[PDB]
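The file work-v6.tsv comes next; it holds TSV, C-alpha atoms.
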```tsv
chain	number	residue	atom	x	y	z
A	43	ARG	CA	90.02	115.03	89.20
A	44	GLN	CA	90.92	115.50	85.50
A	45	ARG	CA	94.27	116.75	84.22
A	46	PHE	CA	94.87	120.25	83.00
A	47	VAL	CA	97.33	118.75	80.53
A	48	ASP	CA	97.11	115.33	78.90
A	49	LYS	CA	100.13	113.06	78.73
A	50	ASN	CA	99.89	113.81	75.00
A	51	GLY	CA	100.64	117.40	75.98
A	52	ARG	CA	97.12	118.40	74.87
A	53	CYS	CA	95.64	121.13	77.06
A	54	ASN	CA	92.27	120.15	78.45
A	55	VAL	CA	90.69	123.42	79.48
A	56	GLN	CA	88.03	124.61	77.04
A	57	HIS	CA	87.20	128.28	76.45
A	58	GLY	CA	83.67	129.60	76.83
A	59	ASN	CA	82.13	131.40	73.88
A	60	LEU	CA	84.15	134.20	72.31
A	61	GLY	CA	81.52	136.18	70.44
A	62	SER	CA	81.95	136.98	66.77
A	63	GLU	CA	84.86	139.38	67.42
A	190	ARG	CA	87.84	138.53	65.22
A	191	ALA	CA	89.82	141.38	66.84
A	192	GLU	CA	92.48	140.38	69.38
A	193	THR	CA	90.64	141.38	72.57
A	194	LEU	CA	91.52	138.54	75.01
A	195	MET	CA	95.32	138.65	74.72
A	196	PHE	CA	95.84	141.17	77.55
A	197	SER	CA	93.40	142.58	80.06
A	198	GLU	CA	92.30	146.16	79.56
A	199	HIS	CA	93.40	147.19	83.06
A	200	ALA	CA	96.26	146.44	85.44
A	201	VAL	CA	95.91	146.32	89.21
A	202	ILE	CA	98.08	146.74	92.30
A	203	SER	CA	97.16	144.88	95.51
A	204	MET	CA	98.55	142.32	97.90
A	205	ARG	CA	99.39	138.78	96.84
A	206	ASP	CA	101.50	136.33	98.84
A	207	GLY	CA	102.19	139.22	101.20
A	208	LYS	CA	103.66	141.57	98.61
A	209	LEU	CA	102.26	144.64	96.93
A	210	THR	CA	102.18	143.40	93.36
A	211	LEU	CA	101.49	145.08	90.03
A	212	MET	CA	99.23	142.75	88.09
A	213	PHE	CA	97.67	142.29	84.66
A	214	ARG	CA	96.23	139.29	82.88
A	215	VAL	CA	97.48	137.52	79.76
A	216	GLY	CA	95.23	135.45	77.52
A	217	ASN	CA	95.90	134.35	73.96
A	218	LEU	CA	95.17	135.39	70.40
A	219	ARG	CA	92.11	134.03	68.62
A	220	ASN	CA	93.65	133.72	65.14
A	221	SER	CA	97.22	132.72	66.19
A	222	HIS	CA	96.70	130.57	69.31
A	223	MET	CA	99.98	130.20	71.19
A	224	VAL	CA	101.44	127.33	73.27
A	225	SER	CA	104.02	129.15	75.23
A	226	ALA	CA	105.50	132.62	75.27
A	227	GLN	CA	108.15	134.70	76.95
A	228	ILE	CA	106.92	138.05	78.24
A	229	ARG	CA	108.73	141.16	79.33
A	230	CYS	CA	107.71	144.64	80.44
A	231	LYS	CA	109.23	148.09	80.27
A	232	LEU	CA	108.19	151.30	81.97
A	233	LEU	CA	108.16	154.41	79.80
A	234	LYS	CA	108.38	157.77	81.55
A	235	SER	CA	110.18	161.09	81.55
A	236	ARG	CA	112.69	161.56	84.31
A	237	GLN	CA	115.64	163.77	85.13
A	238	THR	CA	119.05	162.49	85.88
A	239	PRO	CA	120.95	163.66	88.98
A	240	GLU	CA	123.07	165.39	86.31
A	241	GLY	CA	119.94	167.34	85.44
A	242	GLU	CA	119.48	165.63	82.06
A	243	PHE	CA	115.90	165.36	80.83
A	244	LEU	CA	115.00	161.96	79.40
A	245	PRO	CA	111.79	162.48	77.39
A	246	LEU	CA	110.79	158.82	77.44
A	247	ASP	CA	113.17	156.61	79.39
A	248	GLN	CA	112.91	152.81	79.48
A	249	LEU	CA	113.21	150.97	82.79
A	250	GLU	CA	112.78	147.24	83.17
A	251	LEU	CA	109.96	145.71	85.20
A	252	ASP	CA	110.86	142.32	86.60
A	253	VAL	CA	108.07	139.84	85.89
A	254	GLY	CA	110.19	136.83	86.72
A	255	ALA	CA	113.19	136.47	84.42
A	256	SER	CA	115.41	135.35	87.28
A	257	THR	CA	112.95	132.57	88.25
A	258	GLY	CA	111.58	131.46	84.88
A	259	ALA	CA	108.18	132.98	85.65
A	260	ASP	CA	108.50	135.02	82.44
A	261	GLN	CA	108.35	131.89	80.31
A	262	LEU	CA	104.59	131.41	80.13
A	263	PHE	CA	102.82	128.10	79.62
A	264	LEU	CA	99.57	129.45	78.16
A	265	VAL	CA	97.36	126.72	79.65
A	266	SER	CA	94.76	129.44	80.38
A	267	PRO	CA	94.63	133.18	81.24
A	268	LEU	CA	97.67	133.93	83.39
A	269	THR	CA	98.13	136.68	85.98
A	270	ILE	CA	101.46	138.40	85.43
A	271	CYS	CA	103.00	139.69	88.65
A	272	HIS	CA	105.54	142.46	89.07
A	273	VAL	CA	106.36	142.19	92.77
A	274	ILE	CA	107.08	145.75	93.87
A	275	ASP	CA	110.38	145.84	95.79
A	276	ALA	CA	113.44	148.08	96.07
A	277	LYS	CA	114.66	147.21	92.56
A	278	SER	CA	111.27	148.14	91.03
A	279	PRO	CA	110.51	151.54	89.47
A	280	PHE	CA	107.22	151.36	91.40
A	281	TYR	CA	109.06	151.33	94.78
A	282	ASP	CA	107.80	154.78	95.83
A	283	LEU	CA	104.48	154.37	93.98
A	284	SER	CA	101.62	154.92	96.45
A	285	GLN	CA	97.86	155.24	96.11
A	286	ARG	CA	98.22	159.01	96.46
A	287	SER	CA	101.39	159.60	94.36
A	288	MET	CA	99.51	157.77	91.57
A	289	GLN	CA	97.25	160.76	90.88
A	290	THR	CA	100.25	162.91	89.94
A	291	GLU	CA	102.43	160.31	88.19
A	292	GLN	CA	102.61	159.88	84.43
A	293	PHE	CA	104.02	156.49	83.43
A	294	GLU	CA	103.32	153.78	80.87
A	295	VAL	CA	103.80	150.03	81.32
A	296	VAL	CA	104.54	148.42	77.97
A	297	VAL	CA	104.09	144.66	77.63
A	298	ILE	CA	105.92	142.67	74.94
A	299	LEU	CA	104.95	139.05	74.48
A	300	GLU	CA	106.67	136.72	72.03
A	301	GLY	CA	105.03	133.33	71.66
A	302	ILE	CA	104.75	130.16	69.61
A	303	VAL	CA	101.71	129.73	67.39
A	304	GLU	CA	100.58	126.16	67.96
A	305	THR	CA	99.65	125.47	64.31
A	306	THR	CA	103.16	126.17	63.18
A	307	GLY	CA	105.94	127.33	65.48
A	308	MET	CA	106.87	130.67	64.07
A	309	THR	CA	107.42	133.79	66.20
A	310	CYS	CA	104.63	136.23	66.85
A	311	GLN	CA	104.74	139.31	68.97
A	312	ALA	CA	101.82	140.95	70.78
A	313	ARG	CA	102.19	144.18	72.74
A	314	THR	CA	100.06	146.35	75.01
A	315	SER	CA	100.11	149.43	77.18
A	316	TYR	CA	98.88	150.56	80.61
A	317	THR	CA	99.04	154.26	81.46
A	318	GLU	CA	98.56	155.43	85.05
A	319	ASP	CA	94.76	155.73	84.61
A	320	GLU	CA	94.62	152.04	83.59
A	321	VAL	CA	96.42	150.80	86.72
A	322	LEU	CA	93.77	150.39	89.43
A	323	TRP	CA	95.23	150.64	92.93
A	324	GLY	CA	93.43	148.34	95.32
A	325	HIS	CA	91.93	145.96	92.80
A	326	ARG	CA	92.05	142.23	92.23
A	327	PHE	CA	91.06	140.29	89.14
A	328	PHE	CA	87.99	138.06	89.16
A	329	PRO	CA	88.80	134.40	88.55
A	330	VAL	CA	88.03	133.01	85.13
A	331	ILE	CA	88.44	129.29	85.83
A	332	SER	CA	86.23	126.28	86.65
A	333	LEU	CA	86.50	122.51	86.08
A	339	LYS	CA	86.57	125.80	82.02
A	340	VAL	CA	87.59	129.40	81.27
A	341	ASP	CA	84.87	132.03	81.71
A	342	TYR	CA	86.35	134.42	79.15
A	343	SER	CA	83.55	136.85	79.97
A	344	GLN	CA	85.28	137.79	83.25
A	345	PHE	CA	88.67	138.26	81.52
A	346	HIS	CA	88.95	142.03	82.20
A	347	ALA	CA	86.84	142.32	85.35
A	348	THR	CA	88.42	143.46	88.60
A	349	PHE	CA	87.04	144.32	92.02
A	350	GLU	CA	88.15	146.32	95.04
A	351	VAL	CA	89.95	144.66	97.97
A	352	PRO	CA	91.32	146.08	101.25
A	353	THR	CA	94.67	147.44	100.13
A	354	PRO	CA	96.98	149.72	102.17
A	355	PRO	CA	97.38	153.10	100.46
A	356	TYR	CA	101.11	153.51	100.94
A	357	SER	CA	104.08	152.79	98.72
A	358	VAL	CA	106.46	149.91	99.38
A	359	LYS	CA	109.24	152.42	100.06
A	360	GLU	CA	106.94	153.89	102.71
A	361	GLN	CA	106.05	150.50	104.19
A	362	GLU	CA	109.73	149.59	104.60
A	363	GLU	CA	110.24	153.01	106.17
A	364	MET	CA	107.39	152.37	108.62
A	365	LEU	CA	109.06	149.12	109.64
A	366	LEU	CA	112.43	150.69	110.20
A	367	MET	CA	110.46	153.13	112.29
A	368	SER	CA	108.30	150.65	114.17
A	369	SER	CA	111.06	148.27	115.03
A	370	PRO	CA	111.55	147.88	118.75
```

Can you turn what I pasted into structure tokens?
Amino acid sequence: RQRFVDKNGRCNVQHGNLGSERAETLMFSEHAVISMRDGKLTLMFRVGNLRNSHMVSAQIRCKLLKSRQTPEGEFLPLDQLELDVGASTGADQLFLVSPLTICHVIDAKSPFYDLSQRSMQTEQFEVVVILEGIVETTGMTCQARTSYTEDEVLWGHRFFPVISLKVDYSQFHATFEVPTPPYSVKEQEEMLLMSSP
């Protein structure tokens, strides 16, 4: 139909109406979710932009903050573990054409491996998001950060779309429930070792 990006490099999608808020509310979604995408239990949250420092492109990374004990019995008050959101594939370099869905595919290398719908109610973690981007007006470096504690990760949810041939920024934070198995990915790989003829 029409391009998303002009040969100029000018982005063609227009926002909706933003309200009078001059506070940075549409940079990250308020909640994260965990549910199936492309056949993989995936931790998800949504990235937008900043109103007063609109960015072209950014690189994003995530850490997980949590207390743990080492096999040596050392207590690590707040330990930092990395959460792959696509460094090895370039998915962590964002082209901020529109609100993006950041995906942390939960696998064996993830700290959410043994995270299940039930284990969630006893876990205490905190996903920190660090985004460093390029203000389009100039090209200087700006950093925006956010946080999801366990009560702001919604197991079994999916984000509403926000796009039409137009970004409906009013649906930016909205999620809804989808059929999502309640077990961890460690459990699901265990069930398939088990159910393998």

Atom-to-atom span, CA of residue 348 (chain A) and CA of residue 201 (chain A), Å = 8.0 Å

Excluding region 323-329 of chain A and its own-chain neighbours fewer than 2 positions away, which residues fall within 6 Å of it when counting all atoms listed in the file? Please give them as an mmCIF file with C-alpha atoms, in the coordinates of the input.
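Saved to part.cif:
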```cif
data_model
loop_
_atom_site.group_PDB
_atom_site.id
_atom_site.type_symbol
_atom_site.label_atom_id
_atom_site.label_comp_id
_atom_site.auth_asym_id
_atom_site.auth_seq_id
_atom_site.Cartn_x
_atom_site.Cartn_y
_atom_site.Cartn_z
ATOM 1 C CA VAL A 201 95.910 146.320 89.210
ATOM 2 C CA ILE A 202 98.080 146.740 92.300
ATOM 3 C CA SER A 203 97.160 144.880 95.510
ATOM 4 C CA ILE A 331 88.440 129.290 85.830
ATOM 5 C CA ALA A 347 86.840 142.320 85.350
ATOM 6 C CA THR A 348 88.420 143.460 88.600
ATOM 7 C CA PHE A 349 87.040 144.320 92.020
ATOM 8 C CA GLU A 350 88.150 146.320 95.040
ATOM 9 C CA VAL A 351 89.950 144.660 97.970
ATOM 10 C CA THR A 353 94.670 147.440 100.130
#
```

Find the residues around region 204-215 of chain A up to 6 Å (all atoms listed in the file counted), leave out those fewer than 6 positions away in its own chain, and share them as number ranges by chain.
-> A: 195-197, 267-274

Saved selection, atoms kept: C-alpha atoms, as a compact mmCIF listing (two decimals), keeping the file's coordinate frame:
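again.txt, written as the output of this step:
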```
# COMPACT_ATOMS: atom_id res chain seq x y z
CA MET A 195 95.32 138.65 74.72
CA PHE A 196 95.84 141.17 77.55
CA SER A 197 93.40 142.58 80.06
CA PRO A 267 94.63 133.18 81.24
CA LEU A 268 97.67 133.93 83.39
CA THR A 269 98.13 136.68 85.98
CA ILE A 270 101.46 138.40 85.43
CA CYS A 271 103.00 139.69 88.65
CA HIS A 272 105.54 142.46 89.07
CA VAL A 273 106.36 142.19 92.77
CA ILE A 274 107.08 145.75 93.87
```

Looking at A:223, A:333, A:233, A:312, which one is nearest to residue 192 (chain A), with distances taken over only C-alpha atoms?
-> A:312

Nearest to residue 363 (chain A): which of A:55, A:276, A:251, A:259 is it, counting all atoms listed in the file?
-> A:276

Selection: 8 Å around residue 355 (chain A), all atoms listed in the file, excl. self and same-chain fewer than 5 positions, as number ranges by chain = A: 284-286

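Counting all atoms listed in the file and comparing A:265, A:367, A:218, A:200, the residue that lies closest to residue 316 (chain A) is A:200.
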
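Picture a line from CA of residue 345 (chain A) to CA of residue 199 (chain A); it runs 10.2 Å.
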
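With all atoms listed in the file as the atoms that count, the minimum distance from residue 330 (chain A) to the choices A:301, A:239, A:58, A:254 is reached by A:58.
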
Interatomic distance (Å, one decimal) between CA of residue 291 (chain A) and CA of residue 346 (chain A) | 23.5 Å

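Proximity ranking of A:358, A:262, A:60, A:232 relative to residue 317 (chain A) places A:232 first, based on only C-alpha atoms.
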
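Omitting residue 250 (chain A) and its sequence neighbours fewer than 3 positions away, and counting all atoms listed in the file, the residues within 12 Å are residues 228, 229, 230, 231, 232, 233, 234, 247, 253, 254, 255, 272, 277, 278, 279, 280, 294, 295, 296, 297 and 298 of chain A.
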
At a cut-off of 7 Å from (100.7, 131.9, 68.1) in the coordinates of the file, what residues are picked up using only C-alpha atoms, written as number ranges by chain?
-> A: 218, 221-224, 301-304, 310

Provide region 239-285 of chain A of the preceding structure as a file containing N, CA and C atoms, as an mmCIF file, in the first residue's frame.
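Written output follows (decode.cif):
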```
data_model
loop_
_atom_site.group_PDB
_atom_site.id
_atom_site.type_symbol
_atom_site.label_atom_id
_atom_site.label_comp_id
_atom_site.auth_asym_id
_atom_site.auth_seq_id
_atom_site.Cartn_x
_atom_site.Cartn_y
_atom_site.Cartn_z
ATOM 1 N N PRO A 239 25.858 -21.607 45.429
ATOM 2 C CA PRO A 239 26.138 -22.960 45.947
ATOM 3 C C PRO A 239 27.097 -22.948 47.121
ATOM 4 N N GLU A 240 28.016 -21.974 47.153
ATOM 5 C CA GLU A 240 28.901 -21.694 48.274
ATOM 6 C C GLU A 240 28.171 -21.106 49.454
ATOM 7 N N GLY A 241 26.846 -20.997 49.386
ATOM 8 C CA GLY A 241 26.101 -20.389 50.477
ATOM 9 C C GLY A 241 26.379 -18.917 50.691
ATOM 10 N N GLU A 242 26.766 -18.180 49.647
ATOM 11 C CA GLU A 242 26.884 -16.730 49.758
ATOM 12 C C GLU A 242 25.557 -16.079 49.395
ATOM 13 N N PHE A 243 25.171 -15.067 50.169
ATOM 14 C CA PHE A 243 23.925 -14.350 49.940
ATOM 15 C C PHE A 243 24.218 -13.110 49.108
ATOM 16 N N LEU A 244 23.527 -12.976 47.983
ATOM 17 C CA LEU A 244 23.761 -11.854 47.083
ATOM 18 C C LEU A 244 22.537 -10.968 47.149
ATOM 19 N N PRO A 245 22.542 -9.941 48.005
ATOM 20 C CA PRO A 245 21.352 -9.113 48.226
ATOM 21 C C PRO A 245 20.605 -8.764 46.954
ATOM 22 N N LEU A 246 21.222 -8.033 46.039
ATOM 23 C CA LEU A 246 20.632 -7.856 44.719
ATOM 24 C C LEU A 246 21.704 -8.225 43.712
ATOM 25 N N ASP A 247 21.479 -9.332 43.021
ATOM 26 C CA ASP A 247 22.373 -9.827 41.995
ATOM 27 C C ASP A 247 21.815 -9.403 40.648
ATOM 28 N N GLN A 248 22.713 -9.223 39.675
ATOM 29 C CA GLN A 248 22.342 -8.807 38.324
ATOM 30 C C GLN A 248 22.626 -9.923 37.335
ATOM 31 N N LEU A 249 21.572 -10.407 36.687
ATOM 32 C CA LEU A 249 21.671 -11.418 35.644
ATOM 33 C C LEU A 249 21.187 -10.804 34.342
ATOM 34 N N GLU A 250 21.792 -11.199 33.232
ATOM 35 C CA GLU A 250 21.376 -10.628 31.963
ATOM 36 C C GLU A 250 20.150 -11.355 31.432
ATOM 37 N N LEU A 251 19.349 -10.616 30.673
ATOM 38 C CA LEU A 251 18.151 -11.131 30.022
ATOM 39 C C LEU A 251 18.334 -10.870 28.541
ATOM 40 N N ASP A 252 18.570 -11.922 27.785
ATOM 41 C CA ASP A 252 18.755 -11.794 26.357
ATOM 42 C C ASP A 252 17.482 -11.253 25.720
ATOM 43 N N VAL A 253 17.596 -10.105 25.064
ATOM 44 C CA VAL A 253 16.521 -9.569 24.237
ATOM 45 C C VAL A 253 17.087 -9.371 22.839
ATOM 46 N N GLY A 254 18.039 -10.188 22.446
ATOM 47 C CA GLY A 254 18.437 -10.221 21.064
ATOM 48 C C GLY A 254 19.767 -9.643 20.678
ATOM 49 N N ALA A 255 20.688 -9.438 21.620
ATOM 50 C CA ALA A 255 22.042 -9.034 21.249
ATOM 51 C C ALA A 255 22.606 -9.914 20.133
ATOM 52 N N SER A 256 22.556 -11.233 20.297
ATOM 53 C CA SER A 256 23.275 -12.061 19.332
ATOM 54 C C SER A 256 22.659 -12.022 17.938
ATOM 55 N N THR A 257 21.457 -11.468 17.776
ATOM 56 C CA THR A 257 20.817 -11.393 16.467
ATOM 57 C C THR A 257 20.615 -9.979 15.959
ATOM 58 N N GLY A 258 21.010 -8.958 16.715
ATOM 59 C CA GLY A 258 20.693 -7.590 16.357
ATOM 60 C C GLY A 258 19.299 -7.125 16.730
ATOM 61 N N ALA A 259 18.460 -7.995 17.295
ATOM 62 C CA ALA A 259 17.132 -7.566 17.706
ATOM 63 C C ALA A 259 17.165 -6.502 18.798
ATOM 64 N N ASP A 260 18.295 -6.300 19.458
ATOM 65 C CA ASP A 260 18.352 -5.309 20.523
ATOM 66 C C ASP A 260 18.710 -3.926 20.012
ATOM 67 N N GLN A 261 19.061 -3.796 18.744
ATOM 68 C CA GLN A 261 19.113 -2.496 18.095
ATOM 69 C C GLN A 261 17.725 -2.210 17.537
ATOM 70 N N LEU A 262 17.016 -1.286 18.166
ATOM 71 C CA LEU A 262 15.650 -0.958 17.796
ATOM 72 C C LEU A 262 15.621 0.120 16.726
ATOM 73 N N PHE A 263 14.753 -0.072 15.750
ATOM 74 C CA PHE A 263 14.362 0.967 14.806
ATOM 75 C C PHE A 263 12.982 1.430 15.277
ATOM 76 N N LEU A 264 12.920 2.585 15.925
ATOM 77 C CA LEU A 264 11.682 3.006 16.585
ATOM 78 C C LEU A 264 10.682 3.598 15.592
ATOM 79 N N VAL A 265 10.340 2.789 14.585
ATOM 80 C CA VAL A 265 9.283 3.110 13.626
ATOM 81 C C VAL A 265 7.944 3.352 14.322
ATOM 82 N N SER A 266 7.727 2.688 15.463
ATOM 83 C CA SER A 266 6.424 2.592 16.121
ATOM 84 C C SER A 266 6.632 1.905 17.467
ATOM 85 N N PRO A 267 5.602 1.709 18.290
ATOM 86 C CA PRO A 267 5.782 0.862 19.481
ATOM 87 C C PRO A 267 6.229 -0.548 19.119
ATOM 88 N N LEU A 268 7.332 -0.966 19.725
ATOM 89 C CA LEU A 268 7.904 -2.287 19.537
ATOM 90 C C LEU A 268 7.585 -3.172 20.729
ATOM 91 N N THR A 269 7.432 -4.473 20.446
ATOM 92 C CA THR A 269 7.316 -5.514 21.460
ATOM 93 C C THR A 269 8.670 -6.177 21.667
ATOM 94 N N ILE A 270 9.251 -5.963 22.834
ATOM 95 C CA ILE A 270 10.523 -6.581 23.174
ATOM 96 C C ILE A 270 10.254 -7.989 23.674
ATOM 97 N N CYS A 271 11.042 -8.942 23.196
ATOM 98 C CA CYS A 271 10.840 -10.349 23.497
ATOM 99 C C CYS A 271 12.085 -10.911 24.155
ATOM 100 N N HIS A 272 11.917 -11.476 25.341
ATOM 101 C CA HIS A 272 12.930 -12.305 25.970
ATOM 102 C C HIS A 272 12.423 -13.738 25.868
ATOM 103 N N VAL A 273 12.884 -14.452 24.851
ATOM 104 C CA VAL A 273 12.506 -15.851 24.683
ATOM 105 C C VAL A 273 13.055 -16.645 25.857
ATOM 106 N N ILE A 274 12.173 -17.301 26.602
ATOM 107 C CA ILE A 274 12.600 -18.031 27.789
ATOM 108 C C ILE A 274 13.140 -19.396 27.371
ATOM 109 N N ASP A 275 14.435 -19.613 27.577
ATOM 110 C CA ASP A 275 15.080 -20.888 27.263
ATOM 111 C C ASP A 275 15.970 -21.311 28.432
ATOM 112 N N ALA A 276 16.906 -22.221 28.162
ATOM 113 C CA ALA A 276 17.733 -22.751 29.244
ATOM 114 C C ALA A 276 18.712 -21.710 29.768
ATOM 115 N N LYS A 277 19.146 -20.780 28.911
ATOM 116 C CA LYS A 277 20.082 -19.747 29.331
ATOM 117 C C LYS A 277 19.399 -18.599 30.057
ATOM 118 N N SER A 278 18.056 -18.582 30.125
ATOM 119 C CA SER A 278 17.330 -17.483 30.740
ATOM 120 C C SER A 278 17.219 -17.676 32.248
ATOM 121 N N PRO A 279 17.200 -16.590 33.017
ATOM 122 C CA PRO A 279 16.901 -16.719 34.450
ATOM 123 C C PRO A 279 15.450 -17.015 34.724
ATOM 124 N N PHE A 280 14.589 -16.984 33.709
ATOM 125 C CA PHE A 280 13.184 -17.336 33.854
ATOM 126 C C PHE A 280 12.900 -18.789 33.447
ATOM 127 N N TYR A 281 13.953 -19.599 33.264
ATOM 128 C CA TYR A 281 13.815 -20.994 32.849
ATOM 129 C C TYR A 281 12.777 -21.736 33.687
ATOM 130 N N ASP A 282 12.992 -21.798 35.001
ATOM 131 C CA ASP A 282 12.071 -22.445 35.922
ATOM 132 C C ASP A 282 10.970 -21.516 36.429
ATOM 133 N N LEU A 283 10.680 -20.415 35.732
ATOM 134 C CA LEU A 283 9.561 -19.564 36.128
ATOM 135 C C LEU A 283 8.269 -20.141 35.560
ATOM 136 N N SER A 284 7.315 -20.432 36.442
ATOM 137 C CA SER A 284 6.023 -20.992 36.065
ATOM 138 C C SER A 284 4.918 -20.113 36.623
ATOM 139 N N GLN A 285 3.712 -20.281 36.073
ATOM 140 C CA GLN A 285 2.571 -19.524 36.575
ATOM 141 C C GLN A 285 2.403 -19.675 38.082
#
```
